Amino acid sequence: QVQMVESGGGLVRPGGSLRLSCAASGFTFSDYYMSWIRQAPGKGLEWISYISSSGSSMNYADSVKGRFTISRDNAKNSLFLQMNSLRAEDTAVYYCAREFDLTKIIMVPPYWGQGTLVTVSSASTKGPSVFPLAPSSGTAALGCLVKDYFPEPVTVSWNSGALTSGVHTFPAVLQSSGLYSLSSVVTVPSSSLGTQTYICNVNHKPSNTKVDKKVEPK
């Protein structure tokens, strides 16, 4: 099982510094070239950096040279991206990717992590409040309202991931206050509304908020 997990994302002052970290497992790490690739909100994929398997060569896209530095630790199965002099254009989801295997000569598919979002903003962190969207008064609808948080992202699940059929988590909207808001809703059998338990799990990492709200009738 190839696994690549990124960490260290979040809110950074314009002009400040952040250090991303990519933990890898499921393959002999020291055999592979690695890269950082980033995707700005709504844009396409931009490669920015590579380091060779042993750390003897590295290079950077032009939008990033002079400010960022890549590195790796083959003893810890870890890739790193040190980011300095950050600016608004740098706000993106940053991915780590394992590419070429200098051990062999056969083309192998790249493998990517899940991304981490860094936001370059001067505004303050702020955790959400969570409010139930109470159901009916057949198929009933219920949900949760995650209001007034900053920055993105907020993640919602239902019954700790046990409830997945019928969920729609909407895109966050940016209110005039500068804070975000987001709703998540589920359609659920009407009769199950007395028997079955419904909880929404909000997590907003930049403020270390992790809240469970029971959503119930009345």
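Each residue number is its position in the shown sequence, starting from 1.
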Worksheet entry | Gap size between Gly138 and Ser137, counted in deposited residues that the entry leaves unmodelled | 4 to 9
Worksheet item: 106-114 versus 82-90: which one carries the higher mean Cα B factor per the record?
Response: 82-90
Worksheet entry | Greater mean Cα temperature factor according to the PDB record, 44-52 or 57-65 | 57-65
Worksheet entry | Chain third (lowest, middle, highest) by recorded CA B-factor, residue given as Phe27 | highest
Item to complete: Would you mind ranking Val185 by its C-alpha B-factor against the rest of the chain and naming the third, lowest, middle or highest?
Response: lowest
Worksheet item: Lowest, middle or highest third: where is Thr155 by C-alpha B factor in its chain?
Response: middle
Practice prompt. Comparing against every modelled residue in the chain, figure out the third that the C-alpha B-factor of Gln175 lands in (lowest, middle or highest).
Written response: middle
Fill in: Third assignment of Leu193 from its chain's C-alpha B-factors
highest
